[PDB]
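A short worksheet on the structure shown next.
Heads up, the Cβs are rebuilt from the backbone with ideal geometry, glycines too, and the neighbour counts pull from every protein chain shown. Values in this text are rule-based calculations from the coordinates and carry no lab data.
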Amino acid sequence: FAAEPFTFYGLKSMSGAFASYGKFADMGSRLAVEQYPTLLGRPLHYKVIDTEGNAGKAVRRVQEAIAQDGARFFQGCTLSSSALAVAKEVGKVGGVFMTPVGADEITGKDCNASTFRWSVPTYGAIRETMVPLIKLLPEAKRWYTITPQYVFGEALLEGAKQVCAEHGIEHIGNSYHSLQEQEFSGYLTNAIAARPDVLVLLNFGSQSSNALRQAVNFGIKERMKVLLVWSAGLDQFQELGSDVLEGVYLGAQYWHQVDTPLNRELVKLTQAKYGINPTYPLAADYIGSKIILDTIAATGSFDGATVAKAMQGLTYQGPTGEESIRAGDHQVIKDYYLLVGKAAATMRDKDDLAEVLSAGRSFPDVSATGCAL
Ligand SMILES: [Cl-]
């Protein structure tokens, strides 16, 4: 007679508009779980929960797993809305939830004892792109933003304005657009009229790809520099290709070419299991899942509250290098990157699409986050 299985739950947007993200995030968790055929002597099972990229669906599926199967350990979500909602449910039963989403609140006003987050949020993304770019481009004084009229976009814009004030450059204007907007010609001509030195795209996902592609086809790169603050890294770069990307400045959470102990391992793993290089969604869920399983293994405990406490202040090898979970706000302290798209001729392989120009840690003091644990 075998031991009772223990189940780890991946919350992934397997269907709907974010199916591609979910596919690779799921691949990431699966790689982590496969490294533990058993965990503390018990067979380790993985169960995917489809959030459908919808907060309501995420909550109901998590609630069912908690009630019916005694679920406690979760990793994933694509959307901040889903993660905020899920965080409350996991928090109520004293489980553990690690997420890659980017809303600042996850580790701020809405933090809880059960919830941890790997990605750098808007505060750091803005600072690790714009600040090093200002250093690279001392004569770039006039900065124009294009922003989705939505909470994540406004947070980025809020940050871009703080940086402009702090560093003596000029925010010369802004164009808002809806999350559904497919047409950017009008906002691009607004930018042209403003005569910027840098066009800053504060949109994200499919929309930023469409915006950037229109900007480039419009002739923008011949007139001014372009920065996409919040890019999806490799998988987005592959879709756009070097003709679009060449010379464009890009912010990202992860880059497969960075030489670190865990990244070397991860690249070998994805090459041997899927025949590809790791992308951001894959890497974020790989590490988020590995931290949880490693800490269960280290503590000898399946108790959520015990594992969560052990994760506070934990230092470990991660995809960006040596990373630590800050105890006070449950934020992973790690690099965010500024890259620039490469010219086709400088590429060594199909994935050699961008060059890292800067990497660094920008995080607020815990006392400024609103997180009170
Ligand atoms: Cl989601």
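Here are some notes:
- The relative contact order of segment 229-373 comes to 28 percent, based on Cα pairs under 8 Å that sit 6 or more residues apart.
- Here 260, 51, 295 are placed in order of increasing Cβ neighbour count within 10 Å, fewest first, which gives 260, 295, 51.
- Placed amide H near residue 358: partners under 5 Å, 5+ positions off or other chain: 338
- Within a Gaussian network of the chain (alpha carbon springs, distance under 10 Å), most fluctuating of 284, 140, 87: 140
- Size descriptors for segment 1-44, from the alpha-carbon set: Rg then Dmax equal 13.2, 43 Å.
- Separation of the residue 190 and residue 367 label points, Cα + 7 Å toward Cβ, nm: 3.9 nm
- Segment 218-280, Rg to Rh (Cα coordinates; Rh as Kirkwood inverse mean 1/r): 1.07
- Positive-end extreme of charge dipole, the chain - chosen from 86, 68, 291 (charges on Cβ): 68
- Table column - 3J(HN,Hα) (Hz), segment 221-233, Karplus curve with 6.51, -1.76, 1.60, x for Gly and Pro: 5, 6, 9, 7, 8, 10, 10, 9, 5, 10, 8, 8, x
- The stretch between residue 149 and residue 178 holds 9.9 nm of extra length on full extension. This uses 0.36 nm per residue minus the Cα-Cα distance.
- Note on segment 79-147 and segment 310-325: Cα centroid distance 17 Å, given to the nearest whole angstrom.
- Beyond 25 Å, the tail of the calculated P(r) for segment 1-158 holds 39 percent of the Cα pairs.
- For the chain, calculated [θ]222 nm from helices alone, where every DSSP H run of n ≥ 4 adds -39500 (n - 2.57): -13500 deg cm²/dmol
- Calculated log₁₀ intensity ratio I(q)/I(0) where the Debye formula runs over C-alpha points of segment 111-228, q = 0.20 Å⁻¹: -1.11
- Which of 80, 324 has the fewest Cβ neighbours within 10 Å, and the rest in rising order: 324, 80
- Expressed to the nearest 5 percent, the antiparallel share of DSSP beta bridges inside the chain is 35 percent.
- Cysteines in the chain lacking any other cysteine Cβ under 4.7 Å from their own Cβ: 77, 164.
- Rounded to 10°, Cα long-axis angle of helix 19-34 versus longest principal axis of the chain: 40 degrees
- Rounded to the nearest Hz, the phi-derived 3J(HN,Hα) couplings of segment 350-355 under the Karplus curve 6.51 cos²θ - 1.76 cosθ + 1.60 (θ = phi - 60°) are 4, 9, 7, 8, 8, 10, where x marks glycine and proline.
- Per residue, the convex hull spanned by the alpha carbons of the chain comes to 126 Å³.
- Coupling constants for segment 177-185 follow from the phi torsions by the Karplus curve (6.51 cos²θ - 1.76 cosθ + 1.60, θ = phi - 60°), and in residue order they are 9, 7, 5, 8, 3, 10, 10, 10, 3 Hz; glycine and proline get x.
- Taking the chain and dividing mean pair separation by its residue count, relative contact order in percent (alpha carbons under 8 Å, at least six apart): 18 percent
- Close amide H partners of residue 8, meaning residues 5 or more places away or on another chain with modelled amide H under 5 Å apart, are 45, 46, 47.
- Pairwise centroid distance, computed over Cα atoms, of segment 39-60 with segment 161-226, Å: 38 Å
- Relative contact order of segment 16-118, taken over Cα pairs closer than 8 Å and 6 or more residues apart, is 21 percent.
- With neighbour counts taken as other beta-carbon atoms within 10 Å, the residues 40, 79 rank, fewest first, as 40, 79.
- Principal-axis analysis of the Cα atoms of the chain puts helix 234-245 at an angle of about 10° to the longest axis.
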